[PDB]
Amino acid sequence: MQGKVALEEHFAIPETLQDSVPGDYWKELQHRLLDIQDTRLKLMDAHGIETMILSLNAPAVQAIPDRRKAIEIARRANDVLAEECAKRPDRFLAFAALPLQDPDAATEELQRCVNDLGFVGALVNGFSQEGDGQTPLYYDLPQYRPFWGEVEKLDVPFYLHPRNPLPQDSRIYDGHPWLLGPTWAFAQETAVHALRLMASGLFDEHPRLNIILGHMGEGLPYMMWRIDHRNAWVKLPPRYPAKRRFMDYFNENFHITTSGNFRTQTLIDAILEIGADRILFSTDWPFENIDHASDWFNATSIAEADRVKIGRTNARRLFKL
């Protein structure tokens, strides 16, 4: 398939490069993160990707406790991104990096990126760290409501990307560093953060919000029925502040991408749960090979009509292209 849109495609600036085993692989990953116009573009040309919506790596800004420095790095990463996109505006779009450890500063930067730089959304790596940085700050908290109000006003999607939990909140993984990151920790951290947003009632207040999750929803589709329907015989209204069910917000305010989850069975389950209209192609480059993602997607077992939607038209619609 040609003319695809990919939207979980990362890059890094020297300041965040360290955020992502010594050897040829680490050297190659560093090159990939810093490259935009060469290797990356050539692969897009060879693997039917017309549009790549770029985003800074992780955890990046979300792991900078000093709001002062966080604001600076975010602004820097965004200006570099804007400069890179301007080189091939017909191929590159951008997601803004935000210093959410400072609500007002984050709101201001999002406005600058969207209104002045033409960015089409924001991508944030989970909870923020601030001050001593020993407390995970989730976005369902009261201090972030004004920010969400602005996101809805600008009417641009918010990509909730993964990050690892803090050491003090990772005891279940002690002795098993191999379970951290994309293996599992990433999904749990992001899925729960997403559920917190839903349970908080954020989407009752701002129903036009569009949240995007990668890695096919971080496991949510498979367990969505249970999330709401567990212990169904108990006919008492849910305790959380949200007015409706988790499935309602997931089906109405979320979209998921195929980033780093090139599995047909998983895609079929998602198609039968959230629907093909809310699934988007993405790769997670440079952490995943573009050819791996594209070759899988080009042949996965779905209707050609849905391959066109998931690979291109869903995204073009969502981002008003």
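One-based numbering along the sequence shown.
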>> Can you count the deposited residues that have no coordinates between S20 and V21 and report it as none, 1 to 3, 4 to 9, or 10 or more?
In response: 1 to 3
>> Comparing average C-alpha B factors as deposited, tell me which of 54 to 62 and 251 to 259 sits higher.
In response: 54 to 62
> Comparing 118 to 126 with 140 to 148, which has the greater mean CA B-factor as deposited?
Replying inline: 140 to 148
>> Out of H206, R91, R196, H215, whose C-alpha atom has the biggest B factor in the entry?
In response: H206
> Based on what the PDB entry reports, which of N164, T135, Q188, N231 has the top C-alpha B-factor?
Replying inline: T135
> With respect to C-alpha B-factor, does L321 fall in the lowest, middle or highest third of the chain as deposited?
Replying inline: highest
> Compared with the other modelled residues in the chain, in which third is the CA B-factor of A70?
Replying inline: highest
>> Quick check for you: using the entry's CA B-factors within this chain, is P221 in the lowest, middle or highest third?
In response: lowest
>> By the recorded C-alpha temperature factor, relative to the other modelled residues in its chain, which third is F11 in?
In response: middle
> Comparing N210 with the other modelled residues of its chain, is its CA B-factor in the lowest, middle or highest third?
Replying inline: middle
